[PDB]
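1. Pasting an experimental structure with its sequence.
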Amino acid sequence: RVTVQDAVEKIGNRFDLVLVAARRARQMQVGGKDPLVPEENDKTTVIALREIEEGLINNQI
Amino acid sequence: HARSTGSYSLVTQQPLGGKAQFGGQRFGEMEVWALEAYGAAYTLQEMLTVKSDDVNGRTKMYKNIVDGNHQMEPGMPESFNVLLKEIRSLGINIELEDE
Amino acid sequence: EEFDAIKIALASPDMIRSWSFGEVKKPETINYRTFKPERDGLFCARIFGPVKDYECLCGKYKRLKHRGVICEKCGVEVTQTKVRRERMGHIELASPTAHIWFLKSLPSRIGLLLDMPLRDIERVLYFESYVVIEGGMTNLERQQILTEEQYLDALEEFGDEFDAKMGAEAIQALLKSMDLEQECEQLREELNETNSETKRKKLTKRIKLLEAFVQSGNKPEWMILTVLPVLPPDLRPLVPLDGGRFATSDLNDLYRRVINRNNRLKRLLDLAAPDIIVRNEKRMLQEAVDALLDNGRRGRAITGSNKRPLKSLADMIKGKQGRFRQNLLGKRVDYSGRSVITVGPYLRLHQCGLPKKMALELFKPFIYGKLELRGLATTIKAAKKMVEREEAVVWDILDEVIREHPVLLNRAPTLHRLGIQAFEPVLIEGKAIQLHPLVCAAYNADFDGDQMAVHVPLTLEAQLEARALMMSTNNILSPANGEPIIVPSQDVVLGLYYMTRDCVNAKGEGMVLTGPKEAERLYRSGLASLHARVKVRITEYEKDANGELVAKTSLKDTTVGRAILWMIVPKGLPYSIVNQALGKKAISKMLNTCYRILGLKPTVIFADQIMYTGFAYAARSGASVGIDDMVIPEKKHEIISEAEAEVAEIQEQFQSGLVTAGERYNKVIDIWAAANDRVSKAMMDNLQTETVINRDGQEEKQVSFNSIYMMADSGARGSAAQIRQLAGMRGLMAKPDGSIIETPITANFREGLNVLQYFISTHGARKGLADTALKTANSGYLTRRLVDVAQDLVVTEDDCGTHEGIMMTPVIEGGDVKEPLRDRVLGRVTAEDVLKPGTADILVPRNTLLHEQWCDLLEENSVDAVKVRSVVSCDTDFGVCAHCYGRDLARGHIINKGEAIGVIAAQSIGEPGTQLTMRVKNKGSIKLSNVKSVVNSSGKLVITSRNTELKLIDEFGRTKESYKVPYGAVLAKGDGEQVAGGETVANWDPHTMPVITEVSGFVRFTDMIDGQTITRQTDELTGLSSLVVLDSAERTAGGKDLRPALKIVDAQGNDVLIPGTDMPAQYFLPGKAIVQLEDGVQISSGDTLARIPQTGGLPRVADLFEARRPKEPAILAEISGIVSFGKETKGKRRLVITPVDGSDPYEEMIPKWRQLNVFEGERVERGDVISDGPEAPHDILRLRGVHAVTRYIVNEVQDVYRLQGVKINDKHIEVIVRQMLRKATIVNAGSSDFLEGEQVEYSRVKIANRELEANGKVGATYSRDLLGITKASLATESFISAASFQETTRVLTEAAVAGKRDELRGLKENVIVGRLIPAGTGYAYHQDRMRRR
Amino acid sequence: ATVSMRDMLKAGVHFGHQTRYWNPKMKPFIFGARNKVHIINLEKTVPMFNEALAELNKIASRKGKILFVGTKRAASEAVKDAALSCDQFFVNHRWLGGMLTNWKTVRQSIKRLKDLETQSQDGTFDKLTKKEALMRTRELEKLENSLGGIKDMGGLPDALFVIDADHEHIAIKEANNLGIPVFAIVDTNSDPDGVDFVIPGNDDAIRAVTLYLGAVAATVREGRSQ
RNA sequence: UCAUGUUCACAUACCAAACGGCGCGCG
DNA sequence: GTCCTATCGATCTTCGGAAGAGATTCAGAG
DNA sequence: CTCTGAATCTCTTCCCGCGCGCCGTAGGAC
Ligand SMILES: [Mg+2]
Ligand SMILES: [Mg+2]
Ligand SMILES: [Mg+2]
Ligand SMILES: [Mg+2]
Ligand SMILES: [Zn+2]
Ligand SMILES: [Zn+2]
């Protein structure tokens, strides 16, 4: 997977999707949390985008 | 040709250019308008500081990459401090300001 | 140090000393055997700092324990050698010295402040004359340079009750003498002391300057140096080269000049030399510091080789090799590489292959970050070796590092955003970068050895930006126009054309099949030919009104290959898109409709499948090319043999003198055109004619499988203009000055050119190459000027709240519509509620985005004009609101708040900049514009108006043609008549301006005499004549002031009136005029009393945006009412406008040779056209307003792109206009604190007005004023961004005397200092920062 | 994220401890003594609670790391639930001495916990002998119980919301030493001097504890939403 | 039921290539 | 042969850029 | 007698990358 539009359906500003995907990927890489989506050893780059697909992320979290 | 890291010029710490020297490709003026025309701000910030010019940040970046931390500290490029001194070497007091 | 603004000012001497760590004394650098820096020279380690890493020069201390001790062997400080690049020193000059910049900027800041001419202060400063100060009880003035003769006078005509000095001390004294505020308080009153424009404005400059020196902290003496700072030595290093030689390191030769001169001047001062000697050395010193600051603004630049000028400081700041362009704005970067690109057909659209050698030499930091994480290497020290050895594990690690790390590929130049894109890499054995075929078109990457650079993004944020924004899958559309960029590659479309043709005879033709799959089994086993006709069962899918699929099924009649191709289409399109022989346009719309109906994610995969398919069937097609396939129509031989004799008919007339030398030529070239069209038509018919085949009995024809014709008819490559030359005829050719050749190239490249036809052919091609190589500079300088004016814009509000805007129509001109409304209006937002054609029924709410289903709806209606918001009208301060910008073309929805629209527009104009060159029809009814008219005695409607226009409306209710019709034309159809296509609507004199009467009656030559006003001609063709009325250039005031007249007359003394008119039917004659109607002729209504006989490619856009006035500026009328003459032509003519009410005495000097559209009696408006020629935007803005100048500029620029076939959305031009007219000029200061007249940024006055209006005090009023971009950028309110563009020594001194301050709003300044731009993702951060506030 | 007085009264926050176990430093925050049991003044409680809430909300909005300290076995479940509900960090079981002051050691402990947990779930090692697995499991369980909430906290907290200062006094002291703001609920027996944002109220009653937790959670969540 | 124990003596310690013309060439 | 000091303070910097705009110099006159 | 017109001078700008190739203070005095 690569095209992020379905995540942009959820974060309706596209800039906020980069700020949110970075924040969440940092909670994984740096903050030591782990994903609510099943990871496949993807990069956090892709995991965080795959966490928007589960519909369970916004910049409240 | 390809370069991870190697030489830097003396007057300003940007990379050398060449194959006869182990140089980095010029992310020249038009490319910067091209990034600005996407929303891409962090890419640009990196490309013209951490990857390029900030004498601290690039060594902190390198270590964060070998550590795999994927994070940067961006600072302020030393070529721009060259500019300030080259203006302040005219009787023109240019200075950074706070508020 | 963290910061958040930048400030610039003049440095007072004590500040310059403060920056110093020492004072340089000796003219030296490093020794010439050993290489220690020679102490108190320009490198002295105790002035600036130690050379060795963290250890001292005298050797006494070499350990961090001593950090910050200062020795007493030589005196150096032991500290970080890094600080050797940080610390300055200074020179104490033995005299004051003028700083060249302030002496020779645009004006002179020195001279202007003094009111003293530049040449005269220079006459002091290079010691040519004295200047007199404190003149006391003597007959001498306040500055008043006096020659050494004239001082030697005063030395004994007066004692010393005055003074005069020479050299920079004298200017310093003069500046010090400034009672600066009191001079300003006077001068701002002396402003009013005349109304003399020719100094009120350069005095407005002077009264500005004084108040700027007052309002800063600055003081005037600081224009004069006294301590000269010297650059920190590491910035000017004296590096050794090949053996024991220092690189000639220019500045150290300039400071060496200075310090030598200063050493001498201190000597000769203290040894007390006489005036003539010290004026020598003092001149040579001032003339040397001149070198050090800005070498070559002197009379001549100084040199140390074969006249190479030494690069001085100001040559290091400015322009194309200096910091702002060379090292700040864009700079070299690590983690990058380049290679020759080559095509990789198997890639999915998101990938590119890059060589394992490069990936391994690029990703090294990440590879170490896995070998430590495997614990397979101990650390960098081992992993480095383990990579160098290229051990068998490293690739399995690399193929984990890279496994999804986007890499950025961009060619250079990179005109537009699509020119950098990101791809996921896949590894390759070779050394080329394997690029995806469809994407090469975006780059204008041809595959003929065209290198491309690659960059790795390092951080997590740089990967998230690359994947979300720049990945090729996200960019199927152009930024500039709603049109795909994935537009199929020529071979792909060749294959799909070949796959979908029908051939009327084929193997397996006419059977009936149950689906594509057995269509494929039928093809692949070789049982049916791919273009054989067939019937199949099909199924297709549609998404309903909710969006959910309905699946349907039927028999379809089709071909095997259209059945196979249907299998690639995603399940939601109708088969009617495939059921046709496909070609480049037809498949682009195919792909577009996929995006219309499904969306992106299916479209990128469908595009990939198209690519694979086209390649594979294009292979099987074996679509070769071969010389037996070039088809010559044998009629060509007859067509020449016919046309040759008809040209010789034109020649035989010429051989009898029976036709003119112009006519012979300009007709012969039309006979060759008539042959050429016939050869081309016969050849295209022959190509289609070559295929005919037996339909099992009797022959029948079908579309030709001829190799070159597939390629043309498919749109793969080489349409009509090429095949015409390959096998038709090459045709007419042009000379160097563009004038046409009398005997064309009747040959074609299937056959030979002889030597002359070939030699003339090169006059074409070498012109076309010279154009390419010459243009590629000016196009780039155009895009630079544009982004560097647009970069201040960012979309920054959702809806600014306007109800204002502009009106869109089809562009109706030259008859028919050159663009429909659906091009202009699609995806803007409505300005105001859009009604049903008719009345009172609204159709679109007042701020609705007119997306496609709304624009199709408008096309269902008889709408002609629609009002929409445009960025030129959006009342957001410091930006634009999103709704006013409208659709984001690369996304189709409304723009996102924060997007950098300015930069997108400038690139969108510049990308096609290489494609320019640097060198009644249908039945309808009459509608009219401005056309006040009368009927003649035959009853025919004759036009009496001169901004007259014609419109034609088709009976289904929409306007569809327009024309401009002269004054005194007759409307052959008037009175709302309907007319057939091509039924001649009007007639006019093609050669002269006519003058005609409203009344009928007798006439006289009133107030006229022969020889005084008219010439008693014979007219040689007849002997019975029409008289020549005298020109004001051929006759005196006794003829000029006797202005000739033709009043219609009756013994009543006045004519029968028009109701409510006092005016008699008095009429008049201009110069050159021809008059047949002498005294006592009875004149009818409509009779002509008399008759009066009478651009580029790219530059015509570059000079449009720079708003340069043309050579031939049409004189446009002003205010209103009626014209009159002023006083007649000598030196020039002067003419007048006088209103219905108010100021009658407006008069204007007017050129004689531009013939006038009015004479004396004509009703006129601000903006009516008094001569022909092109307009000038400065005046349009003054006379029809900002909306009218937008409409002008958008039209008159698109008329260049539409001519050359290029497409650009109109909004990307308004975004430049929005910037062109950002400045305003104060007419009333009202109660506001601007100067009583001032130029200001328009937002600044507007924001002051809105609050002052809320205070109810009198707001200011102004005109907006249109600067061309090359100036409207230098007038940005923020010196860094302007100074880094051009004219650096202007901006960087004008801003410096003002003491100006920069808040670093906008983009280019934040790039220079290297922080997040306040755009896009970085806008959203600046916004959150500004909201939590 | 304010709380109503009727709701507080209904919960039973006004109830305190016996009058003999009171702190005279809590004598200002006391209304009366009904049946030899102190009643906390809710009139003074609500504004204080609101002020604390506002500060917490601001911290959350600026992405502050709140740490919810609650060790009473009745309130341990509730505090843990609240913390995770508002994606924050908590300590529901015994506060380890020097969790914050001796952060570099408790950091090593967290690393150990993370490694053990990762091995348990993601490792899929299988080679456990039963003995090794049992030992590893015991270690994992103990670590999870003690440090499970702060495992993802990474560094030190920017604010410490604490249920009952007298019971969790060690934590209060540690926070004071470091200079981290404390927002403590303080019953009549507790001492309020170490606390920066005293919120008088019943630490004992479960409903009251839930109410305090829920309100705090709401305010932090609001800050996150921003 | 269980008394006594000669004298004097205790050590460590503050390091990996730089900048400008002139050209030719690629795009 | 090496070290130190200075430049055409007894010539001649190239005509083959256009432009395009400003600063700065001059008309016909009230 | 200098005021708005116009007239001659200088200053400033001229694509982006890239790769080679070479060539790199002098003269005089002690
Ligand atoms: Mg090419
Ligand atoms: Mg004894
Ligand atoms: Mg004893
Ligand atoms: Mg002893
Ligand atoms: Zn020392
Ligand atoms: Zn707007």
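-> Arrived safely. Residues are numbered from 1 along each chain as shown, chains lettered A, B, ... in the order given. Ligands and ions are numbered 1, 2, ... in the order given.
2. going forward, measure contacts between C-alpha atoms and count neighbours the same way
-> Will do.
3. which residues are there in the stretch 351-500 of chain C that come within reach of ligand 1?
-> Within the stretch 351-500 of chain C, the residues that sit near ligand 1 (CA under 5 Å from the ion) are C:446, C:448, C:450.
4. I'd like those residues laid out as a markdown table, including distance to residue D:47, neighbour count and secondary structure.
-> Listed next are those as a markdown table, based on distance: CA to CA, whole Å; neighbours: other CA atoms under 10 Å in any protein chain shown; DSSP: H, G, I helix; E, B strand; the rest coil:
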| residue | distance to residue D:47 | neighbour count | secondary structure |
| --- | --- | --- | --- |
| C:446 | 73 | 15 | coil |
| C:448 | 77 | 9 | coil |
| C:450 | 72 | 14 | coil |
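5. Make TSV out of those and add distance to DNA strand F.
-> Below are these laid out as TSV (distance: CA to the nearest atom of the strand, whole Å):
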residue	distance to DNA strand F
C:446	31
C:448	32
C:450	30
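6. Nearest to residue C:263 among those?
-> residue C:450 (58.0 Å; CA to CA).
7. The closest residue to DNA strand F within the stretch 601-750 of chain C: what's it in contact with?
-> Across the stretch 601-750 of chain C, the shortest distance to DNA strand F (CA to the nearest atom of the strand) belongs to residue C:736, at 14.2 Å. By CA atoms under 8 Å, 6 or more residues apart in numbering or on different chains, the contact set of residue C:736 is C:763, C:767.
8. SS state for it?
-> Three-state call for residue C:736 (DSSP: H, G, I helix; E, B strand; the rest coil): coil.
9. The residue nearest to residue A:54 when sequence neighbours are not counted and residue C:301: what is the separation?
-> Once flanking residues are discounted, residue A:54 sits nearest to residue A:37: 6.7 Å by CA to CA, 6 or more residues apart in numbering or on different chains. Remark: distance between residue A:37 and residue C:301 (CA to CA, to the nearest Å) = 70 Å.
10. Which helix or strand contains the residue nearest the centre of chain A?
-> Residue closest to the average C-alpha location in chain A (CA atoms, centre = their mean): residue A:48, at 2.4 Å. Per DSSP states H and E, residue A:48 falls inside helix A:44-53.
11. what's the helix or strand harbouring residue C:352 in contact with?
-> Per DSSP H and E: residue C:352 is located in strand C:351-355. Strand C:351-355 has contacts (CA under 8 Å, 6+ apart) with C:344, C:347, C:423-436.
12. tell me the contacts of whichever residue of chain B sits closest to chain A?
-> Residue nearest to chain A within chain B: residue B:69 (6.9 Å; CA to the nearest CA). Residue B:69 sits next to A:29-30 when contact means CA under 8 Å, 6+ apart.
13. Near chain A, which residues of chain B are found?
-> When proximity is defined as CA under 8 Å from any CA of the partner chain, chain B approaches chain A at B:39, B:69.
14. where along chain B do the helices fall?
-> Taking DSSP state H to define them, one finds helices in chain B at B:29-37, B:42-45, B:57-66, B:78-88.
15. Residue C:1010 is nearest to which of those?
-> Comparing the helices of chain B by CA to CA, helix B:29-37 comes nearest, at 71.5 Å.
16. near DNA strand G at all, that closest one?
-> Yes. Counting by CA under 7 Å from any atom of the strand, DNA strand G is contacted by helix B:29-37 at B:29-30.
17. Show me the contact partners of that helix.
-> Counting by CA under 8 Å, 6+ apart, B:41, B:43-44, C:325, C:329-331, C:413-420, C:787, C:899-901, C:903-904, C:1319 sit against helix B:29-37.
18. What is the neighbour count of residue A:38?
-> A count of nearby residues for residue A:38, using other CA atoms under 10 Å in any protein chain shown, gives 12.
19. what do you get for residue C:770?
-> Other residues near residue C:770 come to 12 when the count uses other CA under 10 Å.
20. Could you do residue D:103 as well?
-> 14.
21. Tell me how far it lies from residue C:755.
-> When distance is defined by CA to CA, residue D:103 is 92 Å away from residue C:755.
22. again, but for residue D:19
-> 122 Å.
23. Looking at those two, which one has more neighbours?
-> Counted by other CA under 10 Å, residue D:19 and residue C:755 do not tie: residue D:19 has more neighbours, with 17 against 9.
24. give me every residue that touches that one.
-> With CA under 8 Å, 6+ apart, residue D:19 has these contacts: D:33, D:36-38.
25. With residue C:573 instead?
-> Contacts of residue C:573 (CA under 8 Å, 6+ apart): C:540-542, C:594, C:597.
26. Going by distance to residue C:929, which of the residues you listed wins?
-> residue C:597 (43.6 Å).
27. how close does the closest one get to residue D:127?
-> Distance from residue C:597 to residue D:127, counting by CA to CA: 55 Å.
28. same deal with residue C:570?
-> Separation of residue C:570 from residue D:127 (CA to CA): 50 Å.
29. which one of these two has more residues nearby?
-> residue C:570 (16 against 8).
30. shouldn't the more buried one be in contact with residue C:602?
-> Yes. Residue C:570 is within contact range of residue C:602, at 7.0 Å (criterion: CA atoms under 8 Å).
31. how close does the residue in the stretch 1201-1333 of chain C that ligand 5 sits nearest to get to residue C:94?
-> Proximity of the stretch 1201-1333 of chain C to ligand 5 (CA to the ion) peaks at residue C:1313, 37.0 Å away. From residue C:1313 across to residue C:94, the span is 38 Å (CA to CA).
32. Compare these two and say which is more crowded by neighbours.
-> Between residue C:1313 and residue C:94, counting by other CA under 10 Å, residue C:1313 is the more crowded of the two (22 against 18).
33. which residues touch the residue of the stretch 801-950 of chain C found nearest ligand 6?
-> Closest residue of the stretch 801-950 of chain C to ligand 6, CA to the ion: residue C:874 (3.4 Å). Contacts for residue C:874 (CA under 8 Å, 6+ apart) come out as C:800, C:802, C:880-881, C:884.
34. Out of these, list just those in helices.
-> Using DSSP H to define helices, the subset of the contacts of residue C:874 located there is residue C:884.
35. Can you name the two of the contacts of residue C:874 that sit furthest apart?
-> By the measure CA to CA, C:802 and C:880 form the most distant pair in the contacts of residue C:874, at 11.4 Å.
36. The two - which one has more neighbours?
-> residue C:880 (28 against 17).
37. what's across from the more buried one in the sheet?
-> Beta-bridge pairing of residue C:880 under DSSP bridges involves residue C:795.
38. Now the closest residue to residue C:569 other than its chain neighbours: which helix or strand?
-> Distances taken as CA to CA, 6+ apart place residue C:606 nearest to residue C:569, at 6.6 Å, with adjacent residues excluded. According to DSSP H and E, residue C:606 maps onto helix C:600-620.
39. The top helix by length along chain C near RNA strand E anywhere?
-> Counting residues, the longest helix found in chain C (DSSP H) is helix C:755-790. No. Helix C:755-790 stays clear of RNA strand E (CA under 7 Å from any atom of the strand), getting no nearer than 8.9 Å.
40. quick one, phi/psi of the residue nearest the centre of chain D?
-> Taking CA atoms, centre = their mean, the centroid of chain D lies closest to residue D:69, which sits 2.2 Å from it. Dihedral pair for residue D:69: phi -100, psi 120, per degrees, to the nearest 10.
41. go on, residue C:731?
-> phi 90, psi -160.
42. Tell me which residues touch it, please.
-> Applying CA under 8 Å, 6+ apart, the residues near residue C:731 are C:672-673, C:676, C:725, C:744-747.
43. and what of residue C:240?
-> With contact taken as CA under 8 Å, 6+ apart, residue C:240 is in contact with C:246-247.
44. How much space separates it from residue D:117?
-> Taken as CA to CA, the span from residue C:240 to residue D:117 is 60 Å.
45. of all the residues in the stretch 1-150 of chain C, which ones are close to ligand 5?
-> C:56, C:58, C:60, C:71.
46. my guess is the last one meets residue C:77, correct?
-> This means residue C:71. Yes. Residue C:71 lies in contact with residue C:77 (CA under 8 Å); the separation is 6.6 Å.
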